[PDB]
Each structure stands twice: as C-alpha cells, then as structure tokens.
C-alpha cells in the first residue's frame, strides 16, 4: 500500500523565486528529466506495482524528481539549497534501499554525477 506522496504545496511555508532556483528547474531538472536513466525517478516509488512491499518500511523520507519538479513549478522552496537537499535525499534513498552495482543504483549514480556537474556553477 503506498503512502501519500510528499507535499508539493504548503501555505504555511514561505515561498521564494531566486535565479538559482529558476535555473534548477529550467536547466538542472529539465535536462536530468531527459536522461535515459531518469524514468524510475520521475514519480514516487510505486511499491505496490513494483512488488517492493518493504520499500516504505525502510525509506521514511521519500523523494523523487516528479515531486521536486512540482515543488519548483510551485515556488515551494525558499532557496536553491532546499531543492538540492531534496535531490540528495532522492539519491541517498536509492543507495540505502538497494546495493552497490544494482541496475537502479547505476542509474542513480549516473544522474547524481550529472546533477553534480550541472550544479557545480549556478547563476548569481
């Protein structure tokens, strides 16, 4: 049974649009989105469909690029570091649930190293 996906809006949370955050959507996410290994991360893990019934017993801070994309589109973040933490949560969760050298991990590691290249320099 899947849990509710993370929130993509919150009226109690302050919103902000920064140049670095606009770049995370325009440039960083939207190129990562099109990588051939992106598809497993474009939406919350469906642990029912995937027959991973232990997934949400292990992963208690789920995060995915579909959630991040909707957060960016919603101006949900206060700064770019908040978004970068979500990306790192997504990558870390994959490495926690899985084992080195698994197909899904090789996908995450390819996206993570792309992600690190793209955020190596942000606009000002």
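Positions refer to the first chain, counted from 1.
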Please compare 24 to 32 with 58 to 66 and say which has the higher mean C-alpha temperature factor in the record.
24 to 32
Modelled-residue ranking by C-alpha temperature factor, third containing residue 116
highest
Within this chain, which third does the Cα B-factor at residue 98 fall in: lowest, middle or highest?
middle
Sorting the chain's CA B-factors, does residue 86 end up in the lowest, middle or highest third?
lowest
For residue 92, return the chain-relative third of its C-alpha B-factor as stated in the PDB record: lowest, middle or highest.
middle
